[PDB]
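If you want the building blocks of each chain, they are given just below.
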Amino acid sequence: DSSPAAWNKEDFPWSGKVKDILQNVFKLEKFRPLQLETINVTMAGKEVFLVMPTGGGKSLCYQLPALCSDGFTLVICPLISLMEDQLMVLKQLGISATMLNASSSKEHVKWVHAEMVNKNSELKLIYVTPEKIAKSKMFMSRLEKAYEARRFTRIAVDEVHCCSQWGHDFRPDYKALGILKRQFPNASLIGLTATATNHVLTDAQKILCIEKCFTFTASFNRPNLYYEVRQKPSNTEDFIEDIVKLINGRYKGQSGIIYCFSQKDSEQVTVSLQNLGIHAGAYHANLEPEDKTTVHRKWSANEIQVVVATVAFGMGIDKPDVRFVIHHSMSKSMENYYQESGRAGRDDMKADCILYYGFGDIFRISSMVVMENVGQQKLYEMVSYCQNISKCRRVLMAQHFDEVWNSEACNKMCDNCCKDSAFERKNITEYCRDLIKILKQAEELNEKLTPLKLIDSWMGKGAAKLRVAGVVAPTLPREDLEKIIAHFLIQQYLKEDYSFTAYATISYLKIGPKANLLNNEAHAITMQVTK
DNA sequence: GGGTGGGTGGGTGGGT
Ligand SMILES: Nc1ncnc2c1ncn2[C@@H]1O[C@H](COP(=O)(O)OP(=O)(O)O)[C@@H](O)[C@H]1O
Ligand SMILES: [K+]
Ligand SMILES: [K+]
Ligand SMILES: [Mg+2]
Ligand SMILES: [Zn+2]
């Protein structure tokens, strides 16, 4: 990674043009960090990689150089919805751009072939899928014609991490992308990513056939964000009631995002907020372009106070004054929580990132991520983050990214740093042994136990055929019992067993590998609790 | 409801 500070200047022959395009066309006041340096490197004909979180402004760094020189710019995008979002943004600004996919019509494809070789074409950005590069020789001929006529001089690889076989959502089409730099060397290539391991980025640089390439990585810590974990109520109605209470009592008239586990939860939370007077709008990638346009127009003009989105893909929400991000359910991974909560506070003002931790959300996500080879591990990391009540949230978050060393002070910007409290290590070893006895009783009865049935047997509820006479009621609230069960499952005293049924995958609880260590009577299991 | 209607339709429609 060569030093980007040498490029944070406007002494280049194109500096006036760059400033003109930034202020008069894009209607932005100031450059965000690493934007000017990456744009200057791209205009210098040098290859560059930009590791910037989602919502940071990665698109501008390749959209602006296109306007700073004659001709268009080729963009490689893996999804069509992303191309549509970029096209909507560019059409709102009056910039001529186009896209090509497998579902495009013949007349549109032929028009693109004509505009690529047109001398007086107004096109500046052409988004295409990698299949159009790999499985279209005619498009390759038109691309060569545009290269030889100096119709395009720069290439943008959105989600460049996909070129690596190690990167997320690797595409076999992405394997062939080295032909781009192999056939058109005079075109400066800029790769963009938000999820970037160092080895992954080096592998992508190898695949794209790039020898020297600057690599600019944005800062990890965001000093203006406040992180907090709250308990998710057992019912779904008091949850919306408390959400409305918070929104009206702390963020009255302030914009916000609500992330839901399922798209159905997103729609339901939208309906509940609307019935309770909160101006809400549902958003996800499955929306039609007309619905997306209407919700985005309502969001920009502040007609909608809260955008309720799904976590799976709802990533068209670009607004700098996001004052609060509320997670209806916990995120699937720590990387996902960082990327999803980072949407707030892009105006560098104080923002809140609240997460409601629910016991059932654990298993709801566990059943979903069963095919992922390491999904249970990331979900358990998220669970351990939620369980903690003393440790700083920034330390817990930085521990999950080995690629970054973050030593910035929290400065009372997390729930645990505040609330100056004192803690004990409550023993739960007898509770663990009682739960193990229940599991053995169920195992000899040839019945599988969901977490609900296990907690019902622990409390003395449910059907009496699942009972053990030696187990005493823990005389504790249900949320504390759920926390105790979660502590046992994380420490591998309990394990998850997945059953594949016709409607969905179900999660059951079984005796973990460490339960045998309970044979020692002196063995102790402790958990942090406030005094 | 019926499961010879199908699993991307969605479990929160309901009941198999
Ligand atoms: N210098 C800037 N100042 C203010 N807002 C910016 C700046 N650069 C980008 N933005 C805004 O940030 C939003 C999100 O950027 P986006 O294109 O989503 O980046 P990414 O490629 O990382 O997703 C855009 O809507 C854009 O208006
Ligand atoms: K049905
Ligand atoms: K059915
Ligand atoms: Mg993007
Ligand atoms: Zn802190």
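Quick note: structure is the one above.
Residues numbered from 1 in each chain as written, not as in the entry; some residues may be left out. Chains lettered and ligands numbered in written order. Heavy atoms only, no water.

Asker: Teacher, can you tell me more about empty space enclosed by the protein here?
Answerer: A probe as big as a water molecule, rolled over the atoms, marks out the empty space that is left. Overall, the coordinates contain 6 cavities of 30 Å³ or more when judged by the stated rule. One number sums up the size of the largest cavity: a volume of about 60 Å³. Lining the largest cavity, in full, are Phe220, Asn221, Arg222, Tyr227, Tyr338, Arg394, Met397 and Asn406. For the lining of the largest cavity, the per-class residue count stands at 4 nonpolar, 2 polar and 2 charged. (1 Å grid on protein atoms, 1.4 Å probe; cavity = no way out; pocket = protein on both sides within 12 Å on 5 of 7 lines; lining within 4 Å. Points joined across faces, edges and corners; volume = space filled by probe spheres on them. Nonpolar A, V, L, I, M, F, W, Y, C, P; charged D, E, K, R; others polar.)

Asker: Would you take a moment to explain helix α3 (residues 60–67) for this structure?
Answerer: Helical geometry note: an α-helix holds 3.6 residues per turn, so side chains three or four residues apart project in the same direction. With 8 of 8 residues buried, α3 is to be regarded as a mostly interior element. Taken as a whole, α3 has its buried residues at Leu60, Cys61, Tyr62, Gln63, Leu64, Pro65, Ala66 and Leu67. (Buried < 20%, exposed > 50% of the residue type's maximum accessible area, 1.4 Å probe, protein only. Helix = DSSP H or I, 4+ residues; strand = E, 2+ residues; numbered from the N terminus.)

Asker: Even after reading the chapter, I still don't get the nonpolar core, so can you show me in this structure?
Answerer: Soluble globular proteins tend to bury their nonpolar side chains together. Judged by nonpolar contacts, the single largest core of 69 residues is most densely connected at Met330, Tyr357, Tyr385, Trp458 and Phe488. Per-element tally for this core: the top contributor is helix α17 (residues 429–444), with 7 residues. A domain split of this core shows at least three residues from each of domain 2 (225–419) and domain 3 (424–530). In terms of nonpolar packing, the next biggest core, distinct from the first, is built from 38 residues, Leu34, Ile39, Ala156 and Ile190 among them. (Core = buried A, V, L, I, M, F, W, Y, C linked by side-chain atoms within 4.5 Å. Domains from an automatic or database assignment.)

Asker: Even after reading the chapter, I still don't get the site of ligand 1, so can you show me in this structure?
Answerer: Around ligand 1 lies a shell of 14 residues, among which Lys30, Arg32, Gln35, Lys58 and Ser59 are the nearest. At a separation of 3.3 Å, an oxygen atom of ligand 1 approaches a polar backbone atom of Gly55. Isolated, ligand 1 exposes 570 Å² of accessible area, and the fraction of that covered by the protein chains is 75%. (Near = heavy atom within 4 Å. Polar contact = N/O pair within 3.5 Å; in protein donor to acceptor, adjacent residues only side chain to side chain. Areas by Shrake-Rupley, 256 points an atom, 1.4 Å probe, with all protein chains shown as cover.)

Asker: Any chance you could explain the packing of aromatic side chains here in plain terms?
Answerer: The description of an aromatic ring pair uses the distance of the two centres, along with the angle that the planes make with each other. Enumeration over the complete set of coordinates arrives at 18 aromatic pairs. Their ring planes at 15 degrees and their centres at 4.6 Å tell us that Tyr251 and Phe324 sit as a pair that is stacked. Highlighted residues: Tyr251 in the loop between α10 (237–250) and β9 (256–260) and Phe324 in strand β12 (residues 324–327), separated in sequence by 73 residues. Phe324 carries the same exposure label as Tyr251, and that label is buried. The ring of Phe12 has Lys9 lying over it, and the distance from NZ or CZ to the ring centre is 5.1 Å. In this structure, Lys319 packs its charged tip against the face of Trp299, placed 4.4 Å from the ring centre. (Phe/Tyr/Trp six-rings, centres within 6.5 Å; stacked < 30°, edge-to-face > 60°. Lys NZ or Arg CZ within 6 Å of the ring centre and 35° of its normal.)

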